[PDB]
């Protein structure tokens, strides 16, 4: 997901602005749906929600717009259990052997004969939660096992939380309402209001451990790879209690990252750290936020946002619709240099031609250079010390950069990577002169619609995830509900689309109408005021009761 909130100090109009570009599945239980909700006099909010939820999850109101991105905070902890040496169904806490609890569930299964048979399954539980097995990593042997404590299992406040957000007046009110209830499960919140405040909150439900407990309570080997894991044989490694937290064992609101500014805040699924580089967020629990290198999407956004020039709504829209493959900026200049150094090499000819002609985009008409680039990057990622400038913590926005071609081993390995990548591209059935839009599609009935955008891991702000299906790449997730909100005098001006359209049902008039528009990158008014709604020539009305 991406989000950018602009305040009075940077917006062209001196008021707030929000770009909401969540990246979510195109199908299933997290498929966004547009709606506008009004209880006249006390609730008036519009945006998108998820299946089965009677509140708006990302949206806007008279003076406020807000959105969400997936945060990097932990929302559970694993607990490594020390098993009773005499009984692997018992475990030790403070040297005392405790029995696992057993909860059986019964599931009906339809057989080949159409009849139902009953399957009984035993779920083993510790004081922390259910046991979990990842074969070869988190085993259950005679020495150890792993249990999982999920912080959101006790979060009964989630629905009330978004209903409250729906009623929020401005950025300050939004912040109060979220900090008071702490019902957000696993997302950041970014918002802007008419007055020109820009807010970032890493305000979610996060297991709490007091700072001094972490060194002894962490599992060293598991935290390196970023699994939240704790010593389950020590009662002192229970989540810490603080009466200020809305829920026992979670992190109090005052301890979670927040940035309130009048210039900008941004997030593209990295930690709170570089929300705005002018004011880095640091000194938080490892369970909360760490200073890790930012992804190419955030790096791209910050490259466009930093400086002193005013930001227009058009600028934010075009950050999405440009489909710029930002990862190419770090690699392609030097990769093209290698190409010129290896002219007359038959294995590299097609790849080097495609790359040099490529517009560096994930546009519908973008050349096969994108495909060559993707396959190369997948191999480049596996190489050691191939960066000319490695990641520099002191230059976190401009590193890593370039290929260390002056290093002979790197030059050989990078050329080999390109040869191998070219071999893979040419091995697959890709027609001559075919473009990106000919490959990446969303199926609608028996028809296909060409979809612009590319994988977020290549720094395409308009992130689109696709999977090979037959002759095409079928879109499964990414850019979904788009909303761009400004606050002119008359009322909120919202513009966007629901990329996959309102209805998942092929019979609906609204199965592919916005998808046609998404293909052409033609965003539309999101009508909010009675005037805007009444101006729509497609306006239909139904009143219902029972």
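Here the rigid core means the biggest group of C-alpha atoms that line up within 1.5 Å when the two forms are laid on top of each other. Numbering follows the first chain given and starts at 1.
Chemist: If you line up the core and then measure how far each C-alpha sits from this form in 8 other deposited structures of this protein, which stretch comes out higher, 451 to 459 or 429 to 437?
Modeler: With the rigid core superposed, the C-alphas that lie farther in 8 other deposited structures of this protein are those of 429 to 437.
Chemist: Using only the Cα atoms and their B-factors as the entry lists them, report which of 83 to 91 and 223 to 231 averages higher.
Modeler: Mean B over CA atoms: larger for 223 to 231.
Chemist: On mean Cα temperature factor in this entry, is 458 to 466 or 145 to 153 the higher one?
Modeler: 458 to 466 has the higher mean C-alpha B-factor.
Chemist: Which one, 178, 206, 158, 430, has the peak C-alpha temperature factor per the PDB entry?
Modeler: Of 178, 206, 158, 430, 430 has the highest C-alpha B-factor.
Chemist: For the listed 442, 271, 74, 330, which has the peak Cα B-factor recorded in the PDB entry?
Modeler: In the PDB entry, the greatest C-alpha B-factor among 442, 271, 74, 330 is found at 330.
Chemist: Could you look up the Cα B-factor of residue 99 in the entry and say which third of the chain it sits in: lowest, middle or highest?
Modeler: It falls in the middle third of the chain.
Chemist: Among the modelled residues of this chain, does the Cα B factor of residue 17 put it in the lowest, middle or highest third?
Modeler: Middle third of the chain for residue 17's C-alpha B-factor.
Chemist: By its CA B factor, does residue 356 count among the lowest, middle or highest third of the modelled residues in the chain?
Modeler: Ranked within chain, residue 356 CA B lands in the highest tercile.
Chemist: Just say lowest, middle or highest third for the CA B-factor of residue 282 relative to the other modelled residues in its chain.
Modeler: CA B-factor rank for residue 282: highest third.
Chemist: Please say which third, lowest, middle or highest, residue 215 falls into when its CA temperature factor is compared across its chain.
Modeler: Top third by C-alpha B-factor.
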